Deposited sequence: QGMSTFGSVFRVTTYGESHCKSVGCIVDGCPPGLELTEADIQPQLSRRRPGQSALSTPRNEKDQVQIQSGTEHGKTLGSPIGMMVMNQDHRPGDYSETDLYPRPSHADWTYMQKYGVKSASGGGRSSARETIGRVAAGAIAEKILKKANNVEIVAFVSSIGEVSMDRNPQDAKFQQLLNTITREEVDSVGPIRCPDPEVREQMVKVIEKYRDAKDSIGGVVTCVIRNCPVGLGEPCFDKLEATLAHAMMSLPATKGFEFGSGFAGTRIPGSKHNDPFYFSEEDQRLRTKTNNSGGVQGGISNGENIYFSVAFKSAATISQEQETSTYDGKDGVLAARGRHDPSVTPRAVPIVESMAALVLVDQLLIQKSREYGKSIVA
């Protein structure tokens, strides 16, 4: 990885702020002959914000709806007293002025959420490739908003059965909260409304599952699958934590119960595991089981409220309430988490298949 480039063999270099001309990316290394038009890319992008404004336009790498193998440029055109007096608390205004000596006049620029358009646009190509590869299914959903949280205990049979069956269509059918639990979601809609009248913001947690992942993906010792996934998710805006499998709470379970015993699958074709506390990754390598992980998103710093903060000139004052912002943007990161997971998987799949070729010729 390097700066605004993600991936090794399937690479995506992104660009763009909010108050510039356009935002997009360049996907390098896509396999040739893949059916690819803007219809394969808009649905995930059109899931980012729920005229059609944010519309992609493929710039290269395709001909007659099929990829050539050359870089694929994609873009969404940019429609776009207190400013620069205080750095907004818990925003990247001050760190940008320290690192770059200059920030965007407003809106935060590159640190904001508009940059993720390149992520989602590239992840749509990766998603289609993984479906052709092994029918990989990547579904994310909101499992927690503030104190209201799903029962995502990895040992709970009901939660594990949800991870095995949850689809992207079901997540979006429950409304904008994108929580598949009806009881928890109703508790969620009451807490986002409470923070809405309070002119506040609240954080959340996104849980995502990867099904039918090919075995053998991951590049120890540093580019392990769960390490590249953590790298991918923790690079998202406002993310504060990442865990997979049994996660943090699994450390309380002894090895006699935490260990995943092996068994030959009931369909009788492969060795599977009885339990999936490992989260589908063992020694940094996928074993074909379900890969599930949760990502913590902090509460939005931009609150519709007054704050006592010091200026850049560093004098104590009151940052006036801007007063126009939604209190829970965590469900808007569900497609970005899905897109980020697909980029990692297709990169590890191509690297591993290169080893599978070499393993076949030196044998």
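Stretches of the deposited sequence absent from the structure, as judged by C-alpha coordinates, are 51-59, 90-95.
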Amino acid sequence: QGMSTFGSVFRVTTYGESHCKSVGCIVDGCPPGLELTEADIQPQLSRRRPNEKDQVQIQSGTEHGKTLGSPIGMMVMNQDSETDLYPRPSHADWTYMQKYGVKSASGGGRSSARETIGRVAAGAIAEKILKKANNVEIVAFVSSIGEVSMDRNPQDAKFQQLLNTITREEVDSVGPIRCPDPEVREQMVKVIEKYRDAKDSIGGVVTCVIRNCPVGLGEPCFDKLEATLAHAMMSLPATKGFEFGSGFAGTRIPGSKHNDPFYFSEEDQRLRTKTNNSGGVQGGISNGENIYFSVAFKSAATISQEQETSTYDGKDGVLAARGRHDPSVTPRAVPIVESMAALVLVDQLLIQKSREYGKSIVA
From here on, numbers count along this sequence of modelled residues.
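When the mean C-alpha temperature factors of 315-323 and 36-44 are read from the deposited coordinates, 315-323 comes out higher. The stretch with the higher mean CA B factor, choosing between 150-158 and 267-275, is 267-275. Per the deposited coordinates, the residue with the largest Cα temperature factor out of 223, 137, 243, 197 is 197. By the numbers in the PDB entry, the CA B factor is greatest at 104 among 95, 235, 290, 104. The entry lists a Cα temperature factor for residue 50 that places it in the highest third of the chain's modelled residues. In the PDB entry, a CA B factor belonging to the middle third of its chain's modelled residues is recorded for residue 60.
Ranked within its chain, residue 91 lands in the middle third, by CA B factor from the PDB record. Ranked against the other modelled residues of its chain, the C-alpha B-factor of residue 248 as given in the entry falls in the lowest third.
In the PDB entry, a CA B factor belonging to the middle third of its chain's modelled residues is recorded for residue 8.
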